[PDB]
Protein chains: 2
Amino acid sequence: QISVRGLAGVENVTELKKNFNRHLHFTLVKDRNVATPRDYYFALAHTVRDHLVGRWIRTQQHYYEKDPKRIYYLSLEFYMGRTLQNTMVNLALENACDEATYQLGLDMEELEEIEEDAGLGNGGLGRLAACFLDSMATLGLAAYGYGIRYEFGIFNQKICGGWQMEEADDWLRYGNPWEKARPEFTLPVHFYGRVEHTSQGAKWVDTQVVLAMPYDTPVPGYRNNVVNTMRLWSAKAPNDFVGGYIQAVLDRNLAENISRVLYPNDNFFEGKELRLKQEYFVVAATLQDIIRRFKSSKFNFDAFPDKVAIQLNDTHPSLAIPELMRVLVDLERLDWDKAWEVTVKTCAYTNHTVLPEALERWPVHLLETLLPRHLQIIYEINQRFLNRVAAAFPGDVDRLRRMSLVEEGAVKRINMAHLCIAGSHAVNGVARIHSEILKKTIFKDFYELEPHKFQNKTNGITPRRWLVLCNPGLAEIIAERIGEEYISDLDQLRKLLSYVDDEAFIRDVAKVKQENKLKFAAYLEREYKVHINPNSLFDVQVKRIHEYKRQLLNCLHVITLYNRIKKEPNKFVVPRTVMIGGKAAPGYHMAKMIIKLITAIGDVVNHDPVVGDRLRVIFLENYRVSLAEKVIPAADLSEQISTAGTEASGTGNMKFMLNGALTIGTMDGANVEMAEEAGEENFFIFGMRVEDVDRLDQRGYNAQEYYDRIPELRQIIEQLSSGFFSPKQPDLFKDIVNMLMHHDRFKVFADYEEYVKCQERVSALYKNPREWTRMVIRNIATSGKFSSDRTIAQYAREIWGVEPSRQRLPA
Amino acid sequence: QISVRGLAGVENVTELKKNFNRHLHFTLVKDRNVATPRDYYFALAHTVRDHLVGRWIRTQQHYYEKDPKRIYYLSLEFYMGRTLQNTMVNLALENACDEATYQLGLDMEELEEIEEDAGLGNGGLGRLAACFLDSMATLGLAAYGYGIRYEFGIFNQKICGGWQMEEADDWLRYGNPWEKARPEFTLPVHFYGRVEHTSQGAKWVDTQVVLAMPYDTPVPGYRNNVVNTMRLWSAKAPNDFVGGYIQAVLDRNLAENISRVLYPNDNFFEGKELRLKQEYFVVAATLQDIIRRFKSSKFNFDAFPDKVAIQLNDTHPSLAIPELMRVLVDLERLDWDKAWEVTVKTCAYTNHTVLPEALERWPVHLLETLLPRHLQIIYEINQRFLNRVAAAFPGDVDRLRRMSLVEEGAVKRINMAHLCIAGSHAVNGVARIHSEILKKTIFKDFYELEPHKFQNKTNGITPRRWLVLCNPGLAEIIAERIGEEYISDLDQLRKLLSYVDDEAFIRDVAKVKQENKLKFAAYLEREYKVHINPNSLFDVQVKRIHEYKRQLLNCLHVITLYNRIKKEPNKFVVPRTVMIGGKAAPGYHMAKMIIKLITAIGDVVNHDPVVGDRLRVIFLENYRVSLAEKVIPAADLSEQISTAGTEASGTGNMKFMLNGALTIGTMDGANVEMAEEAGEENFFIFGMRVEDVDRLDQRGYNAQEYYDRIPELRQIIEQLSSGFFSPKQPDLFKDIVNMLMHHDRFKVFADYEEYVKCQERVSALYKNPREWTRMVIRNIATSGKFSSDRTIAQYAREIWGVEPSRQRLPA
Ligand SMILES: OC[C@@H]1O[C@@H](OC2=Cc3c(O)cc(O)cc3O[C@H]2c2ccc(O)cc2)[C@@H](O)[C@H](O)[C@H]1O
Ligand SMILES: OC[C@@H]1O[C@@H](OC2=Cc3c(O)cc(O)cc3O[C@H]2c2ccc(O)cc2)[C@@H](O)[C@H](O)[C@H]1O
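Now for a quick tour of the structure. (Residues numbered from 1 in each chain as written, not as in the entry; some residues may be left out. Chains lettered and ligands numbered in written order. Heavy atoms only, no water.)

A closer look at the pattern of salt bridges
- A full pass over the atoms with the stated rule returns 138 salt bridges over all chains.
- Between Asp67(A) and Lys307(A) there is a salt bridge whose closest N-O contact spans 2.8 Å. Grouping residues by exposure puts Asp67(A) and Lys307(A) together as buried.
- For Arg82(B), the salt bridge identified is with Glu113(B), shortest N-O distance 3.3 Å. Here the residue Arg82(B) occupies a position in the loop between β2 (78-81) and α3 (84-91), and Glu113(B) occupies one in the loop between α5 (108-112) and β3 (118-120), the gap between them amounting to 31 residues.
- Exposure remark for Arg82(B): the relative accessible area of 14% places this residue in the buried category.
- A relative accessible area of 38% places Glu113(B) in the partly exposed class.
- Via salt bridges that share partners, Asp396(A), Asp398(A), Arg399(A), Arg401(A), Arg402(A), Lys444(A), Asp445(A) and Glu448(A) belong to a single interconnected network. (Salt bridge = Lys/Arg side-chain N within 4 Å of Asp/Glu carboxyl O. Buried < 20%, exposed > 50% of the residue type's maximum accessible area, 1.4 Å probe, protein only. Helix = DSSP H or I, 4+ residues; strand = E, 2+ residues; numbered from the N terminus.)

Take a look at the structure:
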């Protein structure tokens with residue numbers, strides 16, 4: 001039906017129907033007469049997975065015999081989403097499976113809606129991991145994702161009475177047809193115990209054992225026949241063990257609780273023991289796998305960093321550094337100095353945030369108890385690292401205190417970021433502005449000691465999931481003009497600037513948007529019986545709910561729009577559907593209040609007969625990867641409105657740009673590079689830059705000043721306090737008011753005026769559909785930099801020391 | 001290679017090799033080069049399971065369209081063992097799979113050793129369930145096994161320092177290739193809450209929900225193309241739910257603990273709340289399934305007992321009676337009287353023991369809390385039942401007290417046996433002597449009220465698992481003489497009496513035994529490096545360790561044999577390997593002491609150079625279904641030595657008889673019917689009959705009398721007390737001595753003298769191998785009565801009201 005979806009060859013189609021029917025019979029043990037849509041989805045999934053298998057075995061045996069340098073991407077999050085569509089796209093089977101299912105009397109897109117998200121992440125860091133796996137496979141890297149097979153991913157969000165309610169994300173209830181259990185490669189992980197020092201140095205003894213059972217999931221490259229592996233570990237009680245026999249069997253649960261659930265904190269450090277156990281579990285099992293694979297290869301650990309790269313996604317797997325030192329010194333019996341040389345050449349660290357509340361600072365007592373040998377190693381790392389600091393900066397005692405892996409205080413803690421910098425040959429931020437901030441502020445001391453350590457790798461997104469999968473309409477009109485090479489060479493989208501005056505392309509770009517908006521409107525109607533005006537500007541802020549992301553600033557604008565209509569009812573305004581969605585971490589009270597305020601605004605705005613269909617505010621329930629794939633192709637305006645200096649990069653920004661939305665944003669994270677790529681005349685940039693936030697911090701942020709000088713702001717704060725948006729609970733939003741007036745770390749009121757005025761420019765442009773569409777073409781055409789293929793090629797060349805390849809494997 | 005194993009057709013073999021290789025590639029995702037024997041086992045299992053699938057779908061759709069009466073066998077235990085061999089035998093694929101694997105360079109029997117027992121039972125009651133499923137499928141009954149999918153079956157037994165140690169039976173670690181998850185047919189089960197009485201009668205409200213997820217396993221009949229279903233329920237926390245979000249997700253474990261582990265009590269009632277929850281879980285989910293299947297059939301609950309039989313394996317699923325009454329009255333709104341008429345015509349009860357410690361007597365407070373509506377219904381059942389008792393036996397107030405479902409005392413309890421008799425149209429014992437005892441003693445009052453209720457169904461064993469699978473050598477020499485109809489018509493073994501003087505058959509029977517003994521000796525050598533003299537009489541007592549089963553009496557004989565050798569070293573005796581095995585329930589101290597005494601006797605006997613290879617005592621570790629299949633075909637002498645009146649039936653007795661062992665036993669359980677079938681001249685019967693035990697109970701059992709009058713007994717008791725068998729812990733066996741001398745409920749010393757003398761007759765016959773073998777032929781030839789096909793045909797005709805059929809399904 002669509003070119004970019006590939007060929008429905010008569011042979012391909014007849015085989016797929018045959019294999020579909022074989023799986024329905026032998027795999028599902030179902031007759032055509034009793035089979036539910038869920039059975040049909042599973043029959044298709046098994047059929048599509050069969051097509052991976054030959055390439056999956058051949059890829060791995062190609063890496064065995066050719067023995068390239070292996071890349072290990074360690075993350076406590078893989079935010080993978082659904083696998084069925086992505087697999088069909090990367091194997092060129094989408095049109096064949098669509099034809100095959102149609103001939104069988106089935107709608108493939110209804111079947112796709114049955115699959116559970118693999119929601120094994122919180123947000124950007126998690127989704128980055130997932131985009132990276134896709135790009136490493138597409139660039140033919142010998143790459144392995146290593147993580148935890150959480151039984152429960154990020155909670156399912158319900159909205160009840162306008163409030164977030166959390167349900168368990170039981171994603172494995174009907175099984176996972178993609179993964180292969182590898183219980184034969186199960187490994188032991190140790191906890192607690194103590195250290196004895198003997199003639200053969202240190203031994204870690206009297207430990208409790210937890211087994212790590214790996215589950216392998218295929219990662220297909222784009223039409224290159226490469227299939228890499230994501231290995232996720234599952235916690236299992238060891239074989240051998242007052243409540244007696246029954247209670248001892250039930251107590252197996254405690255060890256298995258290690259892989260039970262994803263900690264739902266986005267950009268926030270909660271120092272829970274169980275979280276620490278998850279971090280060590282993934283590091284200990286993974287490094288045993290890496291060492292085993294290293295020893296059984298073509299030929300001493302001198303060559304270890306020429307055969308191994310360990311990339312640490314944030315500080316979460318930071319214990320890989322002391323764990324690698326433990327295995328090399330305590331088990332392989334290397335000298336400390338050689339072990340340390342190997343470790344630093346093997347490991348690199350990615351930082352994702354500058355917010356102090358996000359930094360991992362584990363109490364020393366917890367490490368003493370859980371991981372006694374790791375604490376000893378961390379102390380020895382610290383002594384030798386501070387010895388090098390004293391030699392470079394003699395007598396700079398405060399530098400010694402600031403740089404230490406040990407933080408003094410009521411509770412002594414280990415700074416895991418300091419451990420990562422000390423134990424890694426490369427440290428990177430995730431956008432140029434963030435990487436510079438790292439060198440200027442939080443890691444200034446480390447930058448001065450080792451300037452060549454510090455790099456930038458600007459984030460990207462995979463144009464497979466984030467254009468070809470989610471927006472086939474837009475992929476199609478682009479391919480019709482420039483062919484298909486752009487799908488793994490996204491800089492070719494620059495060829496689109498040649499069509500900025502082409503009436504046909506202009507018509508087609510607006511037509512695809514219109515279709516995406518009618519499809520999203522229909523989804524909202526089907527699933528939730530929510531009606532939206534599809535002739536409205538779709539104004540979309542989707543991301544985790546946080547003070548720094550300033551959903552509240554969006555809230556102040558929505559009420560401004562409502563209050564201007566009530567003041568001048570007869571005055572024409574561009575109709576808007578304002579859509580906000582995202583999950584609040586369960587214990588983040590302010591975030592849960594903000595969700596309640598969005599729904600409360602909706603309760604007034606959406607029922608005012610003076611407003612009617614000119615303005616709608618809706619909270620999108622259960623924002624996750626599959627919902628991103630539906631709403632982002634439907635968006636006209638992308639809200640990227642973080643306080644300047646607070647969003648390290650963002651990736652949602654890059655998805656919206658790729659899918660034909662215009663961006664309203666601050667000069668923050670990758671927004672700066674996106675505005676540089678398209679031209680700032682093609683971006684709605686507003687608000688304080690980093691330097692203006694710093695100047696305001698220097699003289700003190702007084703929010704009362706803004707309230708006193710802006711009548712429209714005062715009216716809104718007064719509506720919040722007096723109970724206009726909570727008439728039966730008039731003091732409901734006291735906490736939001738009090739934070740905005742007195743405790744606002746993110747300076748919401750300081751950007752209010754520039755934001756409202758910038759929003760006026762957005763509406764002005766929207767009234768001119770031709771010029772709106774021409775500005776959209778200028779955005780899409782310059783989004784190529786933001787491909788994760790670009791990001792990964794930089795990692796491969798500048799940190800891992802390996803060369804990418806688009807060249808195909810032979811079958 | 002062997003006729004009874006079927007045809008290795010060139011086409012059959014080439015297909016199996018093709019499907020083996022397909023599963024290795026697509027199912028296991030493995031190359032020939034990396035594949036372990038475990039992978040090869042799984043490739044074969046998946047290949048063999050594929051052959052079930054067509055027959056499995058067709059059988060179930062045949063029952064849908066033909067709508068016969070359905071039989072529901074409710075058991076908290078299915079002791080199934082391994083499935084791979086049984087499946088190949090029942091589909092006639094054993095020789096083809098053997099040839100197919102041989103051509104692939106693989107030993108099918110090594111592959112079979114990789115499969116985990118489905119050890120979802122304790123002993124006889126559990127194994128009876130399993131034999132019954134096999135026979136119902138072989139007799140073309142529309143039968144369903146309903147139970148619990150325990151994550152952990154009966155514990156793995158290790159012997160450490162001569163002591164039992166329990167390990168968790170992690171039978172699902174590598175998956176179960178036989179079962180099909182049916183998460184789509186998940187049902188809710190309710191716990192706790194309270195009852196409100198409204199205008200529409202009673203409602204059960206404010207309950208906690210646990211979901212029951214069914215797993216369906218195929219049950220193949222013998223070469224009749226019938227494939228029935230065993231449905232096992234798995235506990236799952238409901239969708240919707242101070243430790244906050246993380247703790248609430250971890251707390252899902254508590255509801256899922258319901259299907260975590262099999263209670264390892266054989267013939268003993270432990271009143272644990274979690275056990276009660278398991279009983280209600282299996283009853284509530286099962287009866288919802290039954291009611292749904294009843295409503296969606298060819299046509300009011302009047303016809304319900306013409307379409308449904310519920311068979312209660314012991315009192316474990318006794319709550320089916322009040323549960324069926326709850327659904328019919330509270331949900332379907334039937335009058336009490338009609339509901340009760342339906343319930344009694346639907347339900348029947350099997351009793352497995354007369355021992356008071358085994359009877360389920362649940363505290364009323366526990367039922368009040370867990371199952372408030374069920375307690376109300378049980379009270380109303382009791383009132384109406386005792387009203388019928390008062391009318392039949394006016395003024396017999398003590399009869400009213402003895403028959404009540406309610407037992408008065410410090411703790412008021414419900415007698416679940418009384419509930420079963422009241423709520424069932426049929427009650428059966430499991431051997432003629434046991435069924436008569438029921439009518440004469442524990443259920444005398446009930447027999448007088450309703451004599452036509454009380455039946456006998458003598459236990460049986462499936463000659464598929466217990467002859468063709470385990471002893472193909474013996475199956476073969478029998479088929480060579482009488483053909484193969486005996487395999488599902490076991491009374492044809494009577495034709496073997498024609499060969500009692502045939503020199504060839506006599507030679508062949510002794511040759512098969514000799515081969516079985518060399519194969520068992522080799523297994524013991526391979527797995528445990530234990531050496532046994534294969535030219536010794538194999539004297540075997542395998543069953544759960546209990547005082548009533550009198551492993552201790554076997555112990556007194558072994559030491560008698562040792563003490564006679566030491567007294568007269570030069571005197572020739574028939575060499576013996578004395579083998580004892582079985583599990584002790586973890587909390588049964590006396591049972592664990594007995595295991596320790598068997599190993600302690602071994603520690604002396606097996607190292608005395610005067611004894612050498614003339615006598616060996618060994619404890620067989622981890623007695624289970626797969627180990628029964630190895631040792632029972634190797635046995636010369638079957639020990640069945642329970643105190644007369646205590647073993648309801650036994651089934652181990654019947655296995656040994658089928659496999660060419662002679663029996664030494666009491667006139668207890670089915671031993672009486674086995675001696676009647678073969679002729680008592682062909683059995684080594686000894687000891688008190690029931691009437692002699694009763695006479696001893698009447699004047700008081702004084703064990704000191706026996707000790708005072710039997711010098712050989714006194715010597716042994718003195719060896720036990722003085723520390724001869726525990727030299728470093730001389731008082732180790734004080735508890736055994738004290739129980740034997742003062743508290744022995746099973747009168748061990750009273751049968752000592754007759755047992756030793758009967759054992760002398762066994763040895764005398766063994767010295768004459770021709771006459772031993774002729775007596776064996778007379779045993780095998782008369783074992784036909786003991787087929788579970790015979791037992792099931794009786795259930796079908798005399799309780800369920802359905803006609804068996806050996807006729808085949810068409811494909
Ligand atoms: O940001 C400031 C913090 O926010 C809230 O607590 C949490 C912070 C948080 C966040 O800022 C972003 C997230 O994605 C997640 C967060 O989780 C918690 C939290 C607090 C209590 C818990 O039960 C668990 C975590 C506040 O409740 C807390 O007082 C404050 O320290
Ligand atoms: O037979 C007499 C009983 O035996 C032991 O307890 C148990 C009995 C028992 C049995 O006779 C056969 C079995 O298969 C299992 C049995 O389990 C326990 C038992 C006691 C304590 C526990 O922790 C659990 C069960 C004795 O420890 C107990 O004192 C006594 O009442």
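Next, the rest of the story.
Examining helix α32 (residues 769-780) of chain B
- Here α32(B) contains 12 residues, and its C-alpha end-to-end distance of 16 Å stays within 8% of the 16 Å for a straight helix at 1.5 Å per residue.
- Inspection of α32(B) places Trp772(B), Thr773(B), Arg774(B), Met775(B), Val776(B), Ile777(B), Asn779(B) and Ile780(B) among the buried residues, and these make up the whole buried set. (Expected span 1.5 Å × (residues − 1).)

Regarding the pairing of strand β5 (residues 156-160) of chain B
All names here are of chain B.
- Direction of pairing for β5 relative to strand β6 (residues 163-167): antiparallel, over a ladder of 5 bridges. Residue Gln157 lies in a different strand from β6, and its bridge partner there is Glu166.
- Counted along the chain from β5 to the antiparallel partner β6, the turn is 2 residues long, and its residue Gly161 has a positive phi close to 65°. (Pairing = 2+ DSSP bridges.)

Some words on the relation of the copies chain A and chain B
- Between chain A and chain B, the superposition needs a rotation of 180° and an axial shift of 0.0 Å, giving an RMSD of 0.0 Å. These values place the two chain copies in the arrangement generated by a two-fold rotation axis. For chain A, the residue whose C-alpha comes nearest the rotation axis is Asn253(A), separated from it by 3.6 Å. (Least-squares fit on C-alpha atoms.)

As for the interface of chain A and chain B
- Contacts between chain A and chain B engage 49 residues on the former and 49 residues on the latter.
- Buried surface at the junction of chain A and chain B, both sides included, amounts to about 4,400 Å², of which 62% is carbon and sulfur.
- For the pair chain A and chain B, the interface holds 4 salt bridges.
- Notably, a salt bridge pairs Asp170(B) with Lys236(A), separated by 2.7 Å at the nearest N-O pair.
- At the boundary of chain A with chain B, the tally comes to 14 residue pairs in polar contact.
- Of all the secondary structure elements, the ones that give two or more residues to the side of chain A that touches chain B are α1 (10-27), α2 (37-66), β6 (163-167), α7 (244-250) and α8 (252-256) of chain A.
- Here the side of chain A that touches chain B gets 8 residues from one element, more than from any other, and that element is α2(A). (Contact = heavy atoms within 4.5 Å. Buried area = accessible area lost by both parts, 1.4 Å probe. Polar contact = N/O pair within 3.5 Å; in protein donor to acceptor, adjacent residues only side chain to side chain.)

Some thoughts on helix α16 (residues 416-423) of chain B
- Taken across its 8 residues, α16(B) has 8 buried, putting it largely inside the fold.
- In this structure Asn415(B) caps α16(B), since a side-chain oxygen of it lies 3.0 Å from the backbone nitrogen of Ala417(B).

Points about the packing of aromatic side chains
- Tallied over the full model, the rule gives 56 aromatic pairs over all chains.
- Between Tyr72(A) and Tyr146(A), the ring centres sit 5.8 Å apart and the planes meet at 45°, which makes this aromatic pair tilted. Here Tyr72(A), found in strand β1 (residues 70-74), pairs with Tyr146(A), found in strand β4 (residues 143-148); they are 74 residues apart in sequence, far enough to count as distant. Side by side, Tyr72(A) and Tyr146(A) carry an identical accessibility label, which is buried.
- Each residue in the set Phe385(A), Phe443(A), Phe446(A), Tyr447(A) and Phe454(A) is aromatic and connected to the rest through ring pairs, giving one cluster.
- One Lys or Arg, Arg293(A), reaches over the ring of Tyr144(A) and ends 4.6 Å from the middle of that ring.
- Positioned above the aromatic ring of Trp233(B) is the side chain of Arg231(B), whose terminal nitrogen or guanidinium carbon lies 5.9 Å from the ring centre. (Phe/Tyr/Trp six-rings, centres within 6.5 Å; stacked < 30°, edge-to-face > 60°. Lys NZ or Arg CZ within 6 Å of the ring centre and 35° of its normal.)

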